[PDB]
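Asks: Got a structure for you, written out below as structure tokens; questions coming shortly.
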Amino acid sequence: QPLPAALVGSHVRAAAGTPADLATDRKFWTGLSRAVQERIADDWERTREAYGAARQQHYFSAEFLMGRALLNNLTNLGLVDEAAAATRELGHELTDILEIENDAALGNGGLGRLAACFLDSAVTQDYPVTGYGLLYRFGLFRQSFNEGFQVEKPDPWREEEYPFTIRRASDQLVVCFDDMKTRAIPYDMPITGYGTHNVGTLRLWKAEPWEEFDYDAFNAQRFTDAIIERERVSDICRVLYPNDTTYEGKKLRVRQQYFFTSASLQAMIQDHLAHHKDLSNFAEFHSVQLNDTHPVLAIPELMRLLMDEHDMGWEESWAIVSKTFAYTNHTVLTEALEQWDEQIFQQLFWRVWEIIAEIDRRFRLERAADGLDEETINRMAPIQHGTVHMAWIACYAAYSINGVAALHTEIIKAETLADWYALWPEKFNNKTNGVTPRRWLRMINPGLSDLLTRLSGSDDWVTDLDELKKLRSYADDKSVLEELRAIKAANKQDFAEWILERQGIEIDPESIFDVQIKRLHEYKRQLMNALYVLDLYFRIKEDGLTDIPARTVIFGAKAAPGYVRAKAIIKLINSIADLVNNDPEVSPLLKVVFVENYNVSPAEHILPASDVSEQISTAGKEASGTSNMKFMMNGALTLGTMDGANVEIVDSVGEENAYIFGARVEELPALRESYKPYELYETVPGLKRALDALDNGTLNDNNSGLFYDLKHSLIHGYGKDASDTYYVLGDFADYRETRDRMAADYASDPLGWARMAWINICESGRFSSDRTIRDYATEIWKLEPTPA
Amino acid sequence: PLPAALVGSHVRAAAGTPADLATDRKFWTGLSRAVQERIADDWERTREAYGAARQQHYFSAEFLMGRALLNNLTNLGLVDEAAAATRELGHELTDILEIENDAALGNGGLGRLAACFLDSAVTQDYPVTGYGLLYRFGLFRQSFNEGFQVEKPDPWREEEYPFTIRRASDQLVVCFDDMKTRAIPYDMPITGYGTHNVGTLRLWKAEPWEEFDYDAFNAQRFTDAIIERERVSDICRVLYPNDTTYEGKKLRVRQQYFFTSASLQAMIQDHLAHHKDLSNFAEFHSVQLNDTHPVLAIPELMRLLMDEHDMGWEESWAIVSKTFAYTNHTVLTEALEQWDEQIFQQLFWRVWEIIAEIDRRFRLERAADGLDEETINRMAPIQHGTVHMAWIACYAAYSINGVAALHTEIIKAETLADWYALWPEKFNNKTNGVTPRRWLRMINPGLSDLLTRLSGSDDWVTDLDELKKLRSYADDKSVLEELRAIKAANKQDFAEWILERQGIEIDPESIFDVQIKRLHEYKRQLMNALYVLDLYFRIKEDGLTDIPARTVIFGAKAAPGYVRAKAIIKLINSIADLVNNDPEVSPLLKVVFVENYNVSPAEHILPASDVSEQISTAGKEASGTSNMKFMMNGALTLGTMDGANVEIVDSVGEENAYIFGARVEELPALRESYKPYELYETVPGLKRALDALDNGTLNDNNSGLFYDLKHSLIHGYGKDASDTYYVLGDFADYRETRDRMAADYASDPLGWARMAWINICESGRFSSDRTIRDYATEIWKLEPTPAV
Ligand SMILES: *Cc1c(COP(=O)(O)O)cnc(C)c1O
Ligand SMILES: *Cc1c(COP(=O)(O)O)cnc(C)c1O
């Protein structure tokens with residue numbers, strides 16, 4: 001029987017050393033998860049054999065924002081009810097058990113969450129795709145709050161038994177740096193799939209020292225000396241995205257990237273020679289996707305392995321490399337385009353450096369023969385001015401270079417990677433981002449899932465979201481609209497319970513849930529959102545505004561540790577919350593909620609209850625926007641600029657089913673040219689009272705002086721050099737106009753609102769990562785569905 | 001049952017692959033989980049039963065636990081079932097058993113005694129719980145490089161270890177003045193043959209309050225970020241960490257305080273859940289202090305009672321004096337712990353105040369008692385800024401015991417004469433013993449079968465005295481025949497074991513002459529080696545040929561900084577090379593140095609042993625637990641009249657053992673006029689042997705170590721001779737006796753078997769079941785408490 005109490009009890013007893021009913025919630029979670037592993041073990045192996053005989057894809061990424069695994073696995077295996085039954089039968093409540101698990105701290109943001117959605121979409125379609133990354137022990141950082149200020153701490157997640165990562169020490173490899181010999185210990189994480197028996201794999205690497213510690217130093221009682229090398233190796237997997245302002249920090253970033261790409265390629269080669277005679281046909285059977293530039297060292301490293309360990313010539317090796325790697329670009333701008341001092345490579349791995357230098361030497365000669373001028377070659381070369389340009393190695397080696405949305409792909413063709421598109425137009429293509437309908441709809445919004453399943457006649461939509469388009473006809477069915485309003489309300493009722501229990505705040509389950517969950521960045525304009533709230537505070541308390549629906553403004557963000565104004569903005573939001581939440585004359589109509597330590601789990605609780613999706617980055621700064629897509633699938637309406645994902649959302653539902661505003665990306669150069677923010681400060685009604693509220697003592701920054709800095713970052717200067725880089729004051733008037741209008745349509749036309757929401761839901765199939773993966777798989781990787 | 005279906009379930013969960021495809025490591029893991037699942041209920045029942053009873057809490061800085069799987073399977077009577085299930089699932093049990101590293105939780109005899117005690121306690125249903133540290137890397141792993149001992153870390157739980165269960169939710173705090181630490185409790189099950197009771201070894205793991213200094217990490221001060229994390233980790237990193245410097249000493253004291261404080265806090269917690277308060281703590285609890293390592297428990301309990309539970313000093317000390325019992329193990333007072341009081345003042349000021357108050361009160365109480373200032377100063381816990389831990393123990397303990405009749409008389413008369421004169425009622429004797437489960441029933445199934453067949457039941461397994469009535473078969477050739485066949489099979493097993501372990505080929509028909517002791521000069525491995533070198537020349541040059549072939553086996557680790565001991569190990573490896581590689585001698589004589597001697601190696605050696613070398617200088621050994629293990633397995637004792645050999649010969653008679661050398665009462669006169677140089681020139685063949693040490697026969701690698709050894713033997717006169725342990729003085733009698741013993745082995749095989757049989761049948765005297773029964777009724781005052 002599927003997940004009987006007897007089986008679950010057995011695994012729990014083994015973990016707790018006590019009968020299953022007396023076990024702690026922690027030990028029960030461990031037992032239950034072991035039960036799941038037991039049940040898929042067979043399928044997992046069959047999948048391994050199936051994929052092993054097929055052409056494969058290997059997705060390299062410096063991050064995988066996996067979130068929790070238990071509910072997701074139970075859902076995809078269709079065992080939630082049995083688990084519920086088994087657990088209660090053994091004296092526990094499944095809802096409590098699920099809370100035991102911390103989000104796997106293996107990723108940071110969108111880049112990582114995309115890689116995660118891709119893995120789920122791949123197995124759901126039986127595509128032989130294996131993921132490869134680092135087993136970060138403490139994630140990015142855990143966010144807490146002290147007196148309203150963000151505090152960063154380690155983010156452990158696997159300090160306790162974690163059955164969803166299996167250690168394979170007997171399969172360990174060596175990654176030797178010129179100054180450090182390391183063990184690379186492989187871990188296996190199972191990727192389950194709704195509606196299939198296939199179980200994919202996410203391979204995570206953990207660095208361990210050659211020797212546990214320096215016993216001689218220890219025995220001499222030089223205790224710190226004894227563990228320095230141990231902890232320097234441990235630093236490779238300690239945290240994600242370690243700060244790199246110093247040389248040593250930069251060298252660690254490069255260590256991290258070489259570590260998991262070298263280990264991954266070695267294991268891939270191992271596996272290949274266990275299924276094939278030699279490597280000469282490596283590229284027929286393997287492709288590797290480079291998610292951004294983090295994994296680009298894989299390229300010189302595959303050359304090294306092929307030539308140094310399998311006696312292959314340069315020409316044959318490069319031929320394999322140029323047919324193996326594909327490369328995904330994520331932003332419109334150079335900027336973040338990784339660049340490393342060549343000296344780091346020379347010091348960490350001299351042989352790999354020689355290969356990088358040979359790549360650059362050959363590249364220049366090949367270009368000169370192509371007939372290019374020296375100025376163009378110099379600015380394309382992988383090595384220039386003592387610096388190695390990782391994106392140029394990627395563009396040179398990759399057989400495919402893709403953007404992640406129609407507009408973004410065109411910019412990289414025309415600007416960012418213009419010289420590359422000029423030489424090799426054929427490499428460029430587009431692959432629009434998307435999210436997985438499983439975790440972000442079916443798993444988190446059963447209420448909505450039910451209705452979709454009743455209407456459409458099956459749950460085929462779970463793995464083929466386009467099926468929902470068929471339901472746009474009901475947009476006029478009033479009984480259905482009412483059901484959808486009731487689903488949203490039930491979700492909001494749930495959210496209020498969750499937030500009350502989590503942070504002790506009481507909110508109105510009937511108010512509008514206006515949500516902005518995004519990394520804190522000035523170009524994200526959480527600050528603009530904050531202003532609007534502050535102004536609205538004053539329009540209610542001093543201006544007598546009352547003909548408006550109550551609303552709860554929800555925030556979720558981390559700020560980078562050294563990003564001063566980002567942390568100041570988070571502090572500002574917390575102070576504004578304190579002001580409006582404790583003012584009886586305003587709390588009835590406006591409350592602010594800052595969700596602490598925003599991550600996958602919090603997102604799962606927020607999205608289903610969301611009404612308004614704030615996507616207000618400055619036009620031209622967002623290439624994509626996957627959270628935008630998740631909101632759409634859950635019945636939340638988009639309030640945003642004509643940038644990134646909003647473009648495609650509006651394109652699908654129409655201007656009438658969304659709230660777009662602000663300057664367009666083509667208008668801004670002229671606006672910034674003669675920008676007069678200080679005048680807006682003095683002129684735009686309310687704005688002066690709003691911004692002054694930052695340093696007249698209305699708000700409290702606890703003597704930090706942060707609010708006054710923010711204020712003058714917005715009003716100081718003028719023209720293209722104005723301090724308000726992200727046109728916050730410039731768009732505020734149009735932003736407030738639209739946000740106000742949106743809240744109005746909300747109190748006055750409930751059915752009309754529910755209708756727009758339905759249109760969004762039914763058209764959201766366009767943003768499913770299943771379509772994205774199909775496209776990667778058919779156009780770039782050239783894969784076939786491979787059932788186990 | 002332990003059915004294949006159950007084991008496969010647990011293996012699949014651990015391996016993420018069908019059981020038959022799992023690696024041996026994963027299979028071992030799953031099989032161990034299967035065992036835990038099976039005893040979980042009996043374990044909880046024992047917890048409840050012991051908790052309602054008067055209990056004993058055994059405090060020890062070491063527990064030499066060895067491997068747990070085979071021991072548990074044997075005590076649960078599931079070896080046959082486990083063997084079949086494993087084979088049914090594609091694996092072989094022996095291969096699986098070999099995967100487990102000995103749990104590096106102990107050092108030597110002191111730790112093994114604590115382990116045997118835990119087993120004997122559960123076998124008799126006595127409510128005894130063990131408390132220690134969860135050492136992560138043991139003492140050290142021994143390896144060899146060009147004949148020299150090399151020391152490295154000894155990991156054992158880097159891989160999942162299902163036999164230690166983490167209880168993070170029950171964690172406590174141990175605050176040092178310079179370090180707030182988390183005390184994570186771990187539970188290890190102690191199974192018992194013939195009973196359903198399952199005892200507990202509680203092991204504590206120190207973890208940092210914060211994972212690491214995130215602020216320093218972000219600043220890219222990578223070493224600074226983990227200094228404090230690793231200082232806390234040092235608490236459980238290594239056992240008996242070198243303490244030649246103040247810092248090493250402070251670490252030892254930190255380790256002792258950590259596990260005592262945590263244990264007492266947990267004991268108090270548990271007491272307050274069965275009783276209204278701590279006024280009757282001593283009525284329901286007893287704490288055995290195994291040597292002086294856990295003495296800080298005394299002041300710490302005082303601190304807890306007064307500082308956390310509002311008791312006054314008088315009441316608190318009353319409880320303490322009826323709670324603690326102290327066990328003394330040696331005849332010398334130079335090993336008794338003494339610490340600079342500054343260490344205490346720095347680690348825990350409050351605890352130091354209490355220790356000072358203990359000294360202050362002690363002096364006044366003894367002055368009241370009428371002792372003179374001289375005696376008081378010499379008994380005080382604090383003298384000249386040094387805290388004498390043994391004095392705190394003798395002052396607080398209600399019981400002070402020795403570990404052998406003679407040893408106990410010596411400490412009454414000498415070692416602790418001041419305390420015996422003051423409180424004669426505290427002193428008593430509890431002779432050490434070993435468990436017949438791990439050391440006979442589990443490792444020698446061949447002999448166990450014969451014993452069970454002859455006696456008609458396996459009652460002897462938990463009542464070894466039962467074998468006495470079998471002594472009469474000493475004259476039955478059918479039995480002796482079986483005895484010899486069993487030894488022969490055991491030796492063949494060992495020969496296979498060593499061949500696979502170190503590639504050395506040995507003759508299963510030769511005499512297995514074994515010495516497995518820690519390397520100490522008083523242990524006299526050197527005399528053994530001298531005899532081997534001489535024998536080499538006798539065979540090579542003196543035409544010796546009327547002798548049986550023999551394999552001389554050594555097992556021994558040397559303390560890292562002990563130069564003579566390490567020189568001796570090198571010498572043994574040198575002689576072995578000289579001997580094993582000479583075609584004129586190898587066929588008769590081979591030397592085997594078993595690398596990294598520990599519990600598992602002993603378990604393979606003992607059953608195959610013919611000769612038990614117990615040759616320490618008379619007067620040096622108080623006990624001799626290894627001596628007992630050899631006896632139980634049919635090996636004859638070649639040793640001095642000292643320690644366990646006395647009692648052994650007392651039980652079997654001088655005709656069934658080979659005692660030699662100077663008795664302890666003769667040595668004072670012998671040494672007074674000791675002339676090692678004369679012996680060097682006169683004992684036949686000796687000069688040739690010793691000269692081989694520096695004439696080029698044996699290679700020092702030009703270290704001059706052999707020369708120093710040679711000189712340490714032949715230099716000086718009388719009380720100032722360098723041969724402090726009468727190595728040359730005993731050599732003549734040693735060689736004669738050892739030569740005689742070999743002659744008997746080959747001339748009277750059945751007579752040899754007879755002697756072996758009498759040893760085996762009389763071994764019940766050394767069962768730790770008798771030792772524990774005596775602790776429990778005379779000191780701890782326990783009653784058998786069955787779980788079911
Ligand atoms: C979906 C998701 C993201 C991506 O969000 P964007 O800001 O739209 O790039 C990041 N973090 C979490 C927790 C998410 O679930
Ligand atoms: C039994 C045992 C001991 C104790 O023996 P000694 O005679 O005191 O040296 C120490 N170590 C191991 C591995 C043992 O099994």
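Ordering of the structure tokens sets the chain letters (A, B, ...); residue numbers start at 1 within each chain; ligands are numbered from 1 in the order shown.
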For chain B, report every residue with an atom at most 6 Å from chain A (counting only C-alpha atoms), formatted as a ChimeraX atom specification.
Replies: /B:12-13,16-18,33,36-37,40-41,44,152,214,218,220,242,248
Asks: How would you write, as a PDB file with C-alpha atoms, in the first residue's frame, the set of residues no farther than 8 Å from ligand 2 when counting only C-alpha atoms and all ligand atoms?
Replies:
```pdb
ATOM      1  CA  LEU B  64      36.511   2.231  23.734  1.00  0.00           C
ATOM      2  CA  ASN B 107      42.093   5.494  24.233  1.00  0.00           C
ATOM      3  CA  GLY B 108      42.969   2.252  25.984  1.00  0.00           C
ATOM      4  CA  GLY B 109      42.221   0.063  29.001  1.00  0.00           C
ATOM      5  CA  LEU B 110      40.392   2.759  30.950  1.00  0.00           C
ATOM      6  CA  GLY B 111      38.014   3.283  28.042  1.00  0.00           C
ATOM      7  CA  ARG B 112      37.594  -0.405  27.278  1.00  0.00           C
ATOM      8  CA  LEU B 113      36.763  -1.102  30.918  1.00  0.00           C
ATOM      9  CA  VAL B 434      35.997  -8.003  30.488  1.00  0.00           C
ATOM     10  CA  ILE B 516      49.243  -6.232  21.955  1.00  0.00           C
ATOM     11  CA  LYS B 517      49.784  -3.415  24.439  1.00  0.00           C
ATOM     12  CA  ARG B 518      50.384   0.334  24.231  1.00  0.00           C
ATOM     13  CA  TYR B 597      45.926  -1.574  16.722  1.00  0.00           C
ATOM     14  CA  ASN B 598      42.437  -1.037  18.158  1.00  0.00           C
ATOM     15  CA  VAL B 599      39.289  -2.986  19.140  1.00  0.00           C
ATOM     16  CA  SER B 600      38.598  -4.484  15.693  1.00  0.00           C
ATOM     17  CA  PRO B 601      42.174  -5.637  15.260  1.00  0.00           C
ATOM     18  CA  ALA B 602      42.076  -7.232  18.725  1.00  0.00           C
ATOM     19  CA  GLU B 603      38.828  -9.021  17.816  1.00  0.00           C
ATOM     20  CA  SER B 623      45.450  -4.909  36.224  1.00  0.00           C
ATOM     21  CA  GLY B 624      45.547  -6.518  32.788  1.00  0.00           C
ATOM     22  CA  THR B 625      42.232  -6.735  30.978  1.00  0.00           C
ATOM     23  CA  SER B 626      43.827  -7.873  27.701  1.00  0.00           C
ATOM     24  CA  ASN B 627      45.380 -10.727  29.678  1.00  0.00           C
ATOM     25  CA  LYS B 629      40.659 -11.750  26.812  1.00  0.00           C
TER      26      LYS B 629
END
```
Asks: Find the residues of chain A that sit at most 9 Å from ligand 1; for each, write down the nearest two atoms and how far apart they are in Å, to one decimal. Count only C-alpha atoms and all ligand atoms. Sort by chain, then by number going up, and give it as a tab-separated table.
Replies:
```
residue	atom	partner	partner_atom_place_in_ligand_line	distance
A:65	CA	ligand 1	12 (C)	7.4
A:67	CA	ligand 1	13 (C)	8.1
A:107	CA	ligand 1	11 (N)	8.9
A:108	CA	ligand 1	11 (N)	7.0
A:109	CA	ligand 1	10 (C)	4.0
A:110	CA	ligand 1	4 (C)	3.6
A:111	CA	ligand 1	9 (O)	7.3
A:112	CA	ligand 1	10 (C)	7.7
A:113	CA	ligand 1	2 (C)	5.7
A:114	CA	ligand 1	1 (C)	7.6
A:435	CA	ligand 1	1 (C)	7.5
A:440	CA	ligand 1	15 (O)	8.3
A:517	CA	ligand 1	7 (O)	6.7
A:518	CA	ligand 1	7 (O)	4.2
A:519	CA	ligand 1	7 (O)	5.8
A:524	CA	ligand 1	7 (O)	8.9
A:557	CA	ligand 1	11 (N)	8.9
A:598	CA	ligand 1	13 (C)	6.3
A:599	CA	ligand 1	13 (C)	3.8
A:600	CA	ligand 1	13 (C)	3.9
A:601	CA	ligand 1	13 (C)	7.3
A:602	CA	ligand 1	13 (C)	7.3
A:603	CA	ligand 1	15 (O)	5.5
A:604	CA	ligand 1	15 (O)	7.4
A:615	CA	ligand 1	8 (O)	8.3
A:622	CA	ligand 1	9 (O)	8.7
A:624	CA	ligand 1	9 (O)	7.2
A:625	CA	ligand 1	8 (O)	3.9
A:626	CA	ligand 1	8 (O)	4.3
A:627	CA	ligand 1	8 (O)	3.7
A:628	CA	ligand 1	8 (O)	5.7
A:629	CA	ligand 1	8 (O)	7.9
A:630	CA	ligand 1	1 (C)	7.0
A:645	CA	ligand 1	8 (O)	8.7
```
Asks: Please list as number ranges by chain every residue within 6 Å of range 173-180 of chain A, counting only C-alpha atoms and excluding residues in the same chain fewer than 2 positions away.
Replies: A: 182-184, 348-349
Asks: Using only C-alpha atoms, which residues sit within 6 Å of range 121-137 of chain B once same-chain residues fewer than 5 positions away are excluded, as a list in words?
Replies: residues 50, 55, 56, 57, 58, 59, 60, 61, 105, 153, 154, 155, 192, 193, 199, 200, 201, 202, 203, 204, 205, 236, 237, 238, 784, 785 and 786 of chain B
Asks: Write out, as a PDB file, in the first residue's frame, the residues just selected, with N, CA and C atoms.
Replies:
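As written to disk, again_3.pdb reads:
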```
ATOM      1  N   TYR B  50      14.297   2.466  33.868  1.00  0.00           N
ATOM      2  CA  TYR B  50      15.449   3.021  34.581  1.00  0.00           C
ATOM      3  C   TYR B  50      15.132   4.362  35.250  1.00  0.00           C
ATOM      4  N   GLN B  55      19.447   5.152  40.049  1.00  0.00           N
ATOM      5  CA  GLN B  55      20.308   4.942  38.881  1.00  0.00           C
ATOM      6  C   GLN B  55      21.782   5.213  39.186  1.00  0.00           C
ATOM      7  N   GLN B  56      22.629   4.696  38.297  1.00  0.00           N
ATOM      8  CA  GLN B  56      24.066   4.946  38.343  1.00  0.00           C
ATOM      9  C   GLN B  56      24.385   5.675  37.038  1.00  0.00           C
ATOM     10  N   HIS B  57      25.179   6.733  37.140  1.00  0.00           N
ATOM     11  CA  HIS B  57      25.575   7.522  35.982  1.00  0.00           C
ATOM     12  C   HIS B  57      27.093   7.412  35.933  1.00  0.00           C
ATOM     13  N   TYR B  58      27.586   6.654  34.961  1.00  0.00           N
ATOM     14  CA  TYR B  58      29.031   6.393  34.841  1.00  0.00           C
ATOM     15  C   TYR B  58      29.715   7.472  33.996  1.00  0.00           C
ATOM     16  N   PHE B  59      30.536   8.301  34.692  1.00  0.00           N
ATOM     17  CA  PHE B  59      31.259   9.382  34.019  1.00  0.00           C
ATOM     18  C   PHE B  59      32.654   8.935  33.577  1.00  0.00           C
ATOM     19  N   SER B  60      32.933   9.060  32.257  1.00  0.00           N
ATOM     20  CA  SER B  60      34.265   8.670  31.782  1.00  0.00           C
ATOM     21  C   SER B  60      34.726   9.500  30.582  1.00  0.00           C
ATOM     22  N   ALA B  61      35.999   9.885  30.618  1.00  0.00           N
ATOM     23  CA  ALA B  61      36.603  10.669  29.544  1.00  0.00           C
ATOM     24  C   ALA B  61      36.856   9.795  28.318  1.00  0.00           C
ATOM     25  N   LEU B 105      36.100   6.592  20.307  1.00  0.00           N
ATOM     26  CA  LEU B 105      35.607   7.286  21.487  1.00  0.00           C
ATOM     27  C   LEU B 105      36.449   7.004  22.726  1.00  0.00           C
ATOM     28  N   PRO B 153      44.673  12.032  11.905  1.00  0.00           N
ATOM     29  CA  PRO B 153      43.336  12.041  12.517  1.00  0.00           C
ATOM     30  C   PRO B 153      42.671  10.675  12.325  1.00  0.00           C
ATOM     31  N   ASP B 154      41.725  10.327  13.193  1.00  0.00           N
ATOM     32  CA  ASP B 154      41.044   9.035  13.097  1.00  0.00           C
ATOM     33  C   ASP B 154      39.523   9.220  13.003  1.00  0.00           C
ATOM     34  N   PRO B 155      39.016   9.625  11.824  1.00  0.00           N
ATOM     35  CA  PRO B 155      37.575   9.827  11.650  1.00  0.00           C
ATOM     36  C   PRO B 155      36.804   8.512  11.711  1.00  0.00           C
ATOM     37  N   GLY B 192      21.931  -5.940  25.031  1.00  0.00           N
ATOM     38  CA  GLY B 192      22.378  -6.929  25.986  1.00  0.00           C
ATOM     39  C   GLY B 192      21.915  -8.329  25.596  1.00  0.00           C
ATOM     40  N   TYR B 193      22.895  -9.236  25.596  1.00  0.00           N
ATOM     41  CA  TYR B 193      22.617 -10.636  25.318  1.00  0.00           C
ATOM     42  C   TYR B 193      21.654 -11.230  26.341  1.00  0.00           C
ATOM     43  N   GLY B 199      20.503  -0.355  27.204  1.00  0.00           N
ATOM     44  CA  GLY B 199      21.064   0.744  27.965  1.00  0.00           C
ATOM     45  C   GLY B 199      21.454   1.889  27.048  1.00  0.00           C
ATOM     46  N   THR B 200      21.944   2.974  27.638  1.00  0.00           N
ATOM     47  CA  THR B 200      22.349   4.148  26.861  1.00  0.00           C
ATOM     48  C   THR B 200      23.752   4.628  27.231  1.00  0.00           C
ATOM     49  N   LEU B 201      24.521   4.965  26.180  1.00  0.00           N
ATOM     50  CA  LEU B 201      25.692   5.769  26.354  1.00  0.00           C
ATOM     51  C   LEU B 201      25.341   7.145  25.845  1.00  0.00           C
ATOM     52  N   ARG B 202      25.370   8.125  26.755  1.00  0.00           N
ATOM     53  CA  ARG B 202      25.124   9.487  26.309  1.00  0.00           C
ATOM     54  C   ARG B 202      26.436  10.221  26.007  1.00  0.00           C
ATOM     55  N   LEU B 203      26.558  10.711  24.778  1.00  0.00           N
ATOM     56  CA  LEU B 203      27.777  11.367  24.327  1.00  0.00           C
ATOM     57  C   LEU B 203      27.447  12.810  23.966  1.00  0.00           C
ATOM     58  N   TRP B 204      28.269  13.748  24.416  1.00  0.00           N
ATOM     59  CA  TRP B 204      28.005  15.154  24.148  1.00  0.00           C
ATOM     60  C   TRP B 204      28.856  15.774  23.057  1.00  0.00           C
ATOM     61  N   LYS B 205      28.216  16.571  22.208  1.00  0.00           N
ATOM     62  CA  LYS B 205      28.934  17.244  21.140  1.00  0.00           C
ATOM     63  C   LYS B 205      28.872  18.751  21.365  1.00  0.00           C
ATOM     64  N   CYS B 236      35.651  18.559  21.128  1.00  0.00           N
ATOM     65  CA  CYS B 236      35.422  17.151  20.811  1.00  0.00           C
ATOM     66  C   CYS B 236      36.274  16.635  19.674  1.00  0.00           C
ATOM     67  N   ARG B 237      37.219  17.436  19.203  1.00  0.00           N
ATOM     68  CA  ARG B 237      38.036  17.018  18.070  1.00  0.00           C
ATOM     69  C   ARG B 237      38.863  15.770  18.310  1.00  0.00           C
ATOM     70  N   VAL B 238      39.674  15.815  19.362  1.00  0.00           N
ATOM     71  CA  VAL B 238      40.588  14.739  19.706  1.00  0.00           C
ATOM     72  C   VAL B 238      40.514  14.392  21.194  1.00  0.00           C
ATOM     73  N   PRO B 784      18.435  -5.020  39.884  1.00  0.00           N
ATOM     74  CA  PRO B 784      18.045  -5.340  38.508  1.00  0.00           C
ATOM     75  C   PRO B 784      16.667  -4.762  38.126  1.00  0.00           C
ATOM     76  N   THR B 785      16.618  -4.030  36.997  1.00  0.00           N
ATOM     77  CA  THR B 785      15.345  -3.420  36.608  1.00  0.00           C
ATOM     78  C   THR B 785      14.994  -3.811  35.176  1.00  0.00           C
ATOM     79  N   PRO B 786      14.246  -4.911  35.006  1.00  0.00           N
ATOM     80  CA  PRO B 786      13.880  -5.354  33.656  1.00  0.00           C
ATOM     81  C   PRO B 786      12.895  -4.432  32.937  1.00  0.00           C
TER      82      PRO B 786
END
```
Asks: Extract, using only C-alpha atoms, all DNA, RNA and protein residues at most 7 Å from range 78-89 of chain A, discarding same-chain residues fewer than 6 positions from it, and format them as a PyMOL selection string.
Replies: chain A and resi 2-5
Asks: Please produce a file of those selected residues containing C-alpha atoms, as a PDB file, in the first residue's frame.
Replies:
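This went into selection_12.pdb:
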```pdb
ATOM      1  CA  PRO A   2       1.154   3.529  -0.917  1.00  0.00           C
ATOM      2  CA  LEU A   3       2.857   4.951   2.189  1.00  0.00           C
ATOM      3  CA  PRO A   4       1.243   2.864   4.892  1.00  0.00           C
ATOM      4  CA  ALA A   5       1.712   3.854   8.550  1.00  0.00           C
TER       5      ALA A   5
END
```
Asks: Range 241-451 of chain B: which residues are strand (DSSP E) by DSSP, as an NGL selection string?
Replies: :B and (285-290 or 324-327 or 338-340 or 382-383 or 386-388 or 399-402 or 427-429)
Asks: Taking 3 positions as the minimum chain separation for residues in the same chain, which residues sit within 12 Å of residue 411 in chain A when counting only C-alpha atoms? Answer as a ChimeraX atom specification.
Replies: /A:329-334,402-408,414-418,421,428-430,620,623
Asks: If we count only C-alpha atoms and set the cut-off at 9 Å, which residues sit around residue 593 in chain A, ignoring sequence neighbours fewer than 5 positions away in its own chain? Please answer as a PyMOL selection string.
Replies: chain A and resi 499+505+507+552-556+574+577+581
Asks: Please identify the helix (DSSP H, G or I) residues within range 53-302 of chain B (assignment by DSSP from backbone atoms) and present them as a VMD selection string.
Replies: chain B and resid 69 to 75 79 to 88 93 to 97 109 to 123 168 to 170 214 to 218 222 to 237 246 to 271 278 to 284 297 to 302
Asks: Measure the distance from CA of residue 239 in chain B to CA of residue 392 in chain B in Å and round it to one decimal.
Replies: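 One can read the CA of residue 239 in chain B to CA of residue 392 in chain B distance as 23.2 Å.
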Asks: If you measure from CA of residue 159 in chain B to CA of residue 32 in chain B, what distance in Å do you get, rounded to one decimal?
Replies: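 These atoms are spaced 12.9 Å apart.
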Asks: Which one is closest to residue 289 in chain B: B:382, B:670, B:177, B:114? Count only C-alpha atoms.
Replies: B:114
